[PDB]
Amino acid sequence: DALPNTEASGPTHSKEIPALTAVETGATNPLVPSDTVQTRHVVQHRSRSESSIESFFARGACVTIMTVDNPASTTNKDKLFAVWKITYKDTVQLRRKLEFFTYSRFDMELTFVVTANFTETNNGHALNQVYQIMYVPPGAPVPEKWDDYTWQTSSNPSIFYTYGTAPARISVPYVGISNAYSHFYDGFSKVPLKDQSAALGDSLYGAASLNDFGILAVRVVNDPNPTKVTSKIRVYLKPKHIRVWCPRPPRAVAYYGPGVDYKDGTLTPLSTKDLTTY
Amino acid sequence: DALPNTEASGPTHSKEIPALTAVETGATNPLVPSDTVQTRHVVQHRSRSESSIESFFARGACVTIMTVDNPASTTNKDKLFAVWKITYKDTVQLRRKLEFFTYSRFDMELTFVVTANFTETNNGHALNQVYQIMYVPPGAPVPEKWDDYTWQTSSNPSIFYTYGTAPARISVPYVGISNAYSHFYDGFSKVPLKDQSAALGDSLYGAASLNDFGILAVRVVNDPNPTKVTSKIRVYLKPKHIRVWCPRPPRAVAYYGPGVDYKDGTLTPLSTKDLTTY
Amino acid sequence: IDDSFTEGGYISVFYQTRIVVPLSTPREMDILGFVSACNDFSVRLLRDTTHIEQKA
Amino acid sequence: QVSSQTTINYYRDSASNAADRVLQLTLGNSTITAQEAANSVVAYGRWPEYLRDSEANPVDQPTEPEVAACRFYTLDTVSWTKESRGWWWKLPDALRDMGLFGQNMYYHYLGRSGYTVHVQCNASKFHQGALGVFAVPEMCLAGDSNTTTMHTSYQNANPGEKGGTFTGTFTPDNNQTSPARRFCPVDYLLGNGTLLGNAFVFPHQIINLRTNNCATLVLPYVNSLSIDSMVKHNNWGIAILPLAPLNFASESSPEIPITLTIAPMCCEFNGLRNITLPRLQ
Amino acid sequence: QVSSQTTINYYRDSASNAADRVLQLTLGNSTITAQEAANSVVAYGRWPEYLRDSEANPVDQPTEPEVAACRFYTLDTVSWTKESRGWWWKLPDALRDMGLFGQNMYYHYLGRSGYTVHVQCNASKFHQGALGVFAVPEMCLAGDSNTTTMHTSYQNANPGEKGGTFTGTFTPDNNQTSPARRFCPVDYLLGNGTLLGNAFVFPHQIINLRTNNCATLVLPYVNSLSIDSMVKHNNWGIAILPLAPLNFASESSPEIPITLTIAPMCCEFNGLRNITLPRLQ
Amino acid sequence: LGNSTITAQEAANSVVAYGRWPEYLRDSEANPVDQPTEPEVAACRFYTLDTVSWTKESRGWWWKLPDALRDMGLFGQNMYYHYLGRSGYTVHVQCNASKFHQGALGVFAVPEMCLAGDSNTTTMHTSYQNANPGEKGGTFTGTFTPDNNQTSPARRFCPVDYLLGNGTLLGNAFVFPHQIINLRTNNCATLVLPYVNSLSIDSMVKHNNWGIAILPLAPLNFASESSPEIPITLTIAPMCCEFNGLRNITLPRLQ
Ligand SMILES: CCCCCCCCCCCCCCCC(=O)O
Ligand SMILES: CCCCCCCCCCCCCCCC(=O)O
């Protein structure tokens, strides 16, 4: 869209005094440059398209790193499959971009980038591996062994990624039970009633099952080789069709956990600067 | 386009004397072969399409070579990720082709060609590597470690290239803050004021932030193997939709740095040839 | 980015006529600033921010 | 579909697609007047409205108290001494022991409501100061323990009408045996960890003692859910912070009182049952 | 779209798509006459024009001096001895201490302007020589130090009206303690490092003493920016090089003087403030 | 005016001296032929001259125009470079005091403002340097004092305050365009002075068309305090200023 044209202006002697206002009310001054300065006509070409919500969020961001290994059958140590609870609060950048706003409805697009590497000094051979990435919604059984029944994916959607091909990718609609994702929640999930044990009803502040999306379990389908092979799946999350509500002030101090807590020594964001110094 | 047809001509005895002109003015003589010679009619088929600006620039040219290694975890030496400041003045051929003209608006198309090779005599095994190529605009934090927060690419666009697949490629619009890229800039970024310290206001000649496009950081996503693996990303730059302004004379002596300087011993471009010798 | 070529300029506040307070009145005022964009503002070329770091 | 600068959708599911001084207001049997109030802020430009069936989740017939609950309740008064950093009251947790609104919200399971908050603080022409009243939505606050997160208790996170206060400097709850589980919001960080200066993004007004002595905020019902439990979730939150400290006639002990008058508007309830008797002390 | 020798665009963003002797001219209160001037060169065939709002970046009302600054200023005169290699004056840096134009460009932050350069040099029918006047846009020049690049100082790169000179042979500034930071442009390389012969691509004229004694160049405002600082960026640059050496009656000491008369045209300014007082010596 | 803006919430309207807004020279009454250089925005700005303390025992001040705007921005440069120049002015006198202050100023825009000399042994003997103080302005003296020095006369103005300098009376001085800054009512005074002169255009370095005289009609007083001071500022904006006759720049002797 073509932003408003900067209309011309000239000397004035009126008493409207648009320059002076009162900030006590909650309305910002709509004053424009033409009002307080002699302004020349200017055809306007600049557009705010790049700064829209989509263009501001139309970029995948890493949200986790999941480590899965394929220990050699020589060593009795069991395989390590990675169970990562779905959330965007593991990192900061995506979390900080989202926590500008209070509520958000956005379809999601997840991309999995896998990498592998040998660990034992023995430069052995490992055939191309196949990774299973299974989504376990809230309630579905959590796999406990890399080769148990739960991996059948009878109802849990799953992706089989052949290492070395294009990174895996899948889209998901808005899955919130509420009508918008709650970035912040001031409240509890239980109310401690006056006539029950203290332990009962004790729930973490600002913790609710609105952000309860289940887990994501990643395993190496290949049965173990003679040489251990480690791998690290990276999940990049892109919000599509995103709508946001109730803006907020961006975080200033480093995050501390899922909540809005801040650590003791992190409360010094600003920098030294003398009052009268350009 | 069909160039002008070479019209016929015959003996003439007039006094227009188009052959003689005066070079003192700044207008070249539009004389044509028919004027000074008996010329036969010739239907013209030749066209100047191949020589247009697009066809002259419609070819990617290498602009840098970035070295990134994956040192073995056995050796404590840290990984080497490559930070290359975006510019076409690392090479000569593309620089020389562009420096025909003074200003240029061109969309860009960057292609990354990656190669790898083992270094240690030990012929070990290294699983297929994944390279991250992240664009850090002017101001965004510069990654200092291969595994720090800045690699999350929350807002910085990034490409994940799986070594062995088709070379990476991406297009970019005209990103100049001005209305055309300034190949040459006669001036400074600061004016040394008469009432301040000499150091303040001291800026390099012909250096301005018009060509300030940020850096490009390339890393090997894979955590280190037991065997070091080096790699070299090559960036090939193709100008698309290019328009150029204010032609200039092509460089004659070898370049020296970003400026228009020339080295002491390079000032002998031409070659020996006797005046009267075919 | 703080840049020499694309500088923005300078802004300053001075006393044109000193603050005059009657007697039995506080003799130390305070002024609060506010900065916003006008309706013709715009930005482009999204990038990352240096204000937040995921320590380790 | 050839869009301007060929867009073909191949997947059935949609997620797979590509990207002024004078004021007098009457609520029920309550009336509020203010001759030097600098207009009102309709937070987010949305007046409170009754739930519309087009976006109605529950089925049960809603009980709207109307006059009996949409009244102006004056919460306790607080002294704005020179060395005071601020105060914060969460809503509707403040109106939990106020008239019939408290009874309705405890009896009914689900409840929604907008509010009209009138902050009153008056000083002479010779006084010097300025308050900022922000209606923070989903107002969270940081805990006091660096060894745990989201550990605050229900009793301490819901002070009631007494409200809370902002502390000048952070102080960890070093007690590892019986943690206080108590909010410790730093004044300039606003508690959430953001900066105070940016806090003006929230709906807000400023009570500048030279110009105005009142601040009116009409807060609609904002929530991810059309209707939600009032005993668990505190939708809004009022934070009053003094932008410029109080001063008066070179006197080092000036006090003036600040009062709040909150009126639920278009409050609706559903899900009647035994009355909630929560543990608060 | 089936184009002649199927072009379908799949990406929304556009970057993703595929590929004569007599002359008399009056400016303000100044008039120039020349009975043997060989016409004029409108560099790039564009007459200077005032900024058009369709391509106007700043908003501030522009101050156009008009008559007070669009005058012909005669810069100092220079002797064209036999063993002289050339001269170069950067614009508008030359007109920095010339009348009100200097004051306007120092006071105002941004400024654009075209120029009309009249180079005057007259010799008898018995004199023999030829000058070439080139209006180099964005005229850069090579430094004197091979140990550093772009190291020239503001004072040395902006001689003023005195202008500069081309040196016959390059000479490195071997002083490593206090580098002179001074231009050392070789005459035949034109300074930029290119060749003199090709320098005719630039707008140019030739003052051939047998034919004409004057050269007029109407230089428009060429720049990546519609309006730009005049104290930092020198848009154009005049370079006068003798293509054929002066000679006269077998005399080994012939001198004739060359004068420049530059007239800003359609000069506009914006951004008034305290006056720039740069360090130049 | 141009890039300058002036605001005043308690200014008691403006005086268009003689009811004539400044206008560009009309060819119907144009003496010279040369194309006129009108700076427009670059010179029709509000320049704030220095500030002056209105102590209790202060008699007045006077600034001659355009001699005041001789070292102010580009207007000074234009008037020194160009031979002939005409211009109107907009003078804004600013002086603010509390509700507890007591006083009143009178600002008169005296046309062709002459002032009496200091020597009774000679007439019209004032020097150019002393008769054109610049932006510093001048002051009115309570009592006349002859310049008795007969060897090197000071050639300096000695205008008595109540006589207004010209020799007339202060009371009648209200015939001139004027305003009153009464600290109880208003804290500003705006005067739009047109270009009045026997000539359509005249030299600006020789002839000072107008002259601003600020005299305190009632002395300053505050809370029975015998040392009350408040500052008075002037902000002058040339309007419709035109020039002719460009040449070498005048470099006059002023000190
Ligand atoms: C692993 C293969 C199948 C994966 C199926 C999709 C996985 C994501 C489903 C839940 C996403 C909802 C939470 C994302 C948005 C948020 O938390 O803000
Ligand atoms: C590495 C993956 C993302 C890369 C994003 C595009 C990188 C290029 C963006 C800046 C290009 C501007 C400069 C090119 C033209 C020039 O310098 O003449």
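Each value, and the rule that gives it
- Residues numbered from 1 in each chain as written, not as in the entry; some residues may be left out.
- Chains lettered and ligands numbered in written order.
- Part of a larger assembly, values for the part shown.
- Heavy atoms only, no water.
- Helix = DSSP H or I, 4+ residues; strand = E, 2+ residues; numbered from the N terminus.
- Rg over C-alpha atoms; globule rule 2.2 N^0.38 Å.
- Near = heavy atom within 4 Å.
- Areas by Shrake-Rupley, 256 points an atom, 1.4 Å probe, with all protein chains shown as cover.
- Nonpolar A, V, L, I, M, F, W, Y, C, P; charged D, E, K, R; others polar.
- 1 Å grid on protein atoms, 1.4 Å probe; cavity = no way out; pocket = protein on both sides within 12 Å on 5 of 7 lines; lining within 4 Å.
- Points joined across faces, edges and corners; volume = space filled by probe spheres on them.
- Buried < 20%, exposed > 50% of the residue type's maximum accessible area, 1.4 Å probe, protein only.
- Contact = heavy atoms within 4.5 Å.
- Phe/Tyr/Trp six-rings, centres within 6.5 Å; stacked < 30°, edge-to-face > 60°.
- Buried area = accessible area lost by both parts, 1.4 Å probe.
- Salt bridge = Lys/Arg side-chain N within 4 Å of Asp/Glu carboxyl O.
- Polar contact = N/O pair within 3.5 Å; in protein donor to acceptor, adjacent residues only side chain to side chain.
- Pairing = 2+ DSSP bridges.
- Axes fitted to C-alpha atoms, helices over the stretch in contact; angles between N-to-C directions.
- Core = buried A, V, L, I, M, F, W, Y, C linked by side-chain atoms within 4.5 Å.

Method of determination for the deposited model, per the PDB record: cryo-EM, at 3.3 Å resolution.

1. Considerations on the overall build of chain A
Check the secondary structure of chain A and you find 3 helices and 10 strands. Ordered by position from the N terminus, the helices and strands of chain A form the series α-α-β-β-α-β-β-β-β-β-β-β-β. Taking 2.2 N^0.38 as the reference for a compact globule, 278 residues should give roughly 19 Å; the C-alpha atoms of chain A span a radius of gyration of 27 Å, well beyond that estimate. The dimensions of chain A, computed from C-alpha atoms along their principal axes, are 90 × 60 × 45 Å.

2. Some remarks on the site of ligand 1
Residue and element names in this part refer to chain A. Surrounding ligand 1, one finds 14 residues, the nearest of these being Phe106, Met108, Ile133, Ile170 and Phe213. Here ligand 1, which alone exposes 530 Å², has 96% of that area covered by the protein. Counting residues per element, the ones that place at least two in the shell around ligand 1 are β3 (101-113), β5 (130-136) and β7 (168-172). Sorting elements by how many residues they give to the shell around ligand 1 places β3 first, with 4 residues. The class makeup of the residues in the shell around ligand 1 is 14 nonpolar, no polar and no charged.

3. Side note on empty space enclosed by the protein
Space left empty within the atom packing is revealed by a probe, the size of a water molecule, rolled over the atoms. Considered as a void within the structure, the largest cavity measures approximately 80 Å³ in volume. Lining the largest cavity are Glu99, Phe184, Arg248, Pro249, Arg251 and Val260 of chain B together with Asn192 and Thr194 of chain E. Taken together, the residues of the lining of the largest cavity break down into 3 nonpolar, 2 polar and 3 charged.

4. Some words on the site of ligand 2
Residues and elements named next belong to chain B. What surrounds ligand 2 is a group of 14 residues, the closest being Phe106, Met108, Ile133, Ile170 and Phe213. The fraction of the free accessible surface of ligand 2 (530 Å²) that becomes covered by protein chains is 96%. Elements represented by at least two residues in the shell around ligand 2 include exactly β3 (101-113), β5 (130-136) and β7 (168-172). Among the elements that take part in the shell around ligand 2, β3 stands out by supplying 4 residues, more than any other. Its residues assigned to classes, the shell around ligand 2 shows 14 nonpolar, no polar and no charged.

5. Some points on the environment of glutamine 152 of chain A
All names here are of chain A. Structurally, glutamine 152 is set in the loop between β5 and β6 (158-162). Accessibility expressed as a relative area gives 61% for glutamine 152, which makes it exposed. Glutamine 152 sits 18 residues away from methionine 134 along the chain, and the two C-alpha atoms are 9.5 Å apart.

6. What about helix α1 (residues 73-81) of chain F?
For α1 of chain F, the buried fraction is high: 7 of the 9 residues fall into the buried class. Of all the residues in α1 of chain F, the buried ones are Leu74, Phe75, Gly76, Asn78, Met79, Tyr80 and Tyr81 of chain F. Looking at the buried positions of α1 of chain F, the neighbouring elements they touch are α1 (99-107) and β7 (108-120) of chain E together with β2 (47-48), β5 (82-94) and β12 (231-246) of chain F.

7. Examining the packing of aromatic side chains
Summed over all chains, the structure comprises 38 aromatic pairs over all chains. Between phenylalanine 106 of chain B and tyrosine 181 of chain B, the ring centres sit 4.9 Å apart and the planes meet at 45°, which makes this aromatic pair tilted. Pair noted here: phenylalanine 106 of chain B is in strand β3 and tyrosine 181 of chain B is in strand β8 (residues 181-182), with a separation of 75 residues, a long-range link. The exposure class of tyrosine 181 of chain B is buried, given its relative accessible area of 11%. Ring geometry for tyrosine 262 of chain B versus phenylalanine 170 of chain E: centroids 5.7 Å apart, planes at 70°, classification edge-to-face. Of this pair, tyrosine 262 of chain B sits in the segment after β10 (229-247) while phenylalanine 170 of chain E sits in the loop between β9 (164-165) and β10 (204-208), on two different chains. Each of the two residues, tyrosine 262 of chain B as well as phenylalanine 170 of chain E, counts as buried. Grouped by ring-pair contacts, the aromatic residues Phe188 and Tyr205 of chain A together with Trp88, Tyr154 and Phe183 of chain D constitute a single cluster.

8. Topic: the interface of chain E and chain B
Taken together, the 68 residues of chain E in the interface contact 58 residues of chain B. Area buried by chain E at its contact with chain B is led by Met150, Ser224 and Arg279 of chain E, which between them contribute 16% of it. Where chain E touches chain B, the interface holds 2 salt bridges. Linking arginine 181 of chain E and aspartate 202 of chain B is a salt bridge whose minimum nitrogen-to-oxygen distance equals 2.7 Å. Linking chain E with chain B are 30 residue pairs in polar contact, by the criterion used here. Looking at the side of chain E that touches chain B, the elements with two or more residues in it are β3 (37-42), α2 (154-157) and β10 of chain E. Per-element accounting of the side of chain E that touches chain B gives the leading share, 4 residues, to β10 of chain E. Here the residues of the side of chain E that touches chain B sort into 33 nonpolar, 30 polar and 5 charged.

9. Overview of the sheet that holds β6 of chain A
Residue and element names in this part refer to chain A. Spatially, 4 strands are ordered β2-β9-β5-β6 in an open sheet, and the strand pairing comes out antiparallel. The sheet terminates laterally at β2 (82-85) and β6, the two strands that pair on one side only. Each strand of the sheet is rotated relative to its neighbour by a mean of 20°, with strand direction disregarded. The pairing of β2 with strand β9 (residues 215-220) spans 4 bridges and is antiparallel. Of the residues in β9, the one forming a bridge with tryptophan 84 is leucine 216.

10. Section: unusual backbone geometry
The step from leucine 91 of chain E to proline 92 of chain E runs through a cis peptide bond, and the omega angle for that step is 0°. Looking at the element boundaries, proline 92 of chain E is found in the loop between β6 (87-90) and α1. Backbone geometry at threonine 153 of chain B places phi at a positive 50°, although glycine is not the residue there. Look at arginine 155 of chain F: it is not a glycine, yet its phi comes out positive at around 50°. Here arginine 155 of chain F is to be found in the loop between β7 (138-139) and β8 (178-182). What makes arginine 155 of chain F partly exposed here is its relative accessible area of 34%.

11. So, the nonpolar core
With 113 residues, the main nonpolar core has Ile238 and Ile240 of chain D as its most contacted residues. Filtering out sequence-adjacent residues up to four positions away, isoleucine 240 of chain D remains in contact with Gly86, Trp87, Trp89, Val119, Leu131, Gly132, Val133, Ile258 and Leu260 of chain D. Formed by 107 residues, the second largest nonpolar core is a distinct cluster that contains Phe57 and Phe213 of chain B together with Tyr115 and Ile238 of chain E.

12. A few points about the interface of chain D and chain A
Of the residues lining the interface, 68 residues belong to chain D; the matching set on chain A comes to 58 residues. Broken down residue by residue, the surface that chain D buries against chain A is led by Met150, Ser224 and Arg279 of chain D, which jointly contribute 16%. Put simply, chain D and chain A have 2 salt bridges between them. Linking chain D to chain A there are 30 residue pairs in polar contact.

13. Section: the side chain of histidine 125 of chain B
Note on placement: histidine 125 of chain B falls in the loop between β4 (116-118) and β5. A residue is classified by how much of its surface remains accessible, and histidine 125 of chain B, at 18% relative accessible area, is buried. At 3.1 Å, the side chain of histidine 125 of chain B and the side chain of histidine 125 of chain A are in polar contact. Not counting residues up to four positions away in its chain, the partners in contact with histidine 125 of chain B are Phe118, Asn123, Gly124 and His125 of chain A.

14. Comments concerning the pattern of salt bridges
Counting across every chain of the model gives 29 salt bridges over all chains. For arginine 40 of chain A, the salt bridge is made with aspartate 53 of chain E, and the minimal N-O distance between the two is 2.3 Å. Here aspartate 53 of chain E lies in the loop between β3 and β4 (73-74) and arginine 40 of chain A lies in the loop between α1 (33-36) and α2 (53-57), a pairing that spans two chains. Taking relative accessible area as the criterion, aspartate 53 of chain E reaches 21% and is therefore assigned partly exposed.

15. Notes on the sheet that holds strand β11 (residues 211-222) of chain F
One open sheet accounts for 5 strands, arranged β7-β4-β11-β6-β8 (chain F); its pairing is antiparallel. Each edge of the open sheet is held by one strand with a lone partner, namely β7 and β8 of chain F.

16. Points about the arrangement of the chains
Chain B makes no contact with chain D; the smallest distance between any of their C-alpha atoms is 13 Å. With no contact formed, the shortest span from any C-alpha in chain D to any C-alpha in chain F equals 13 Å.

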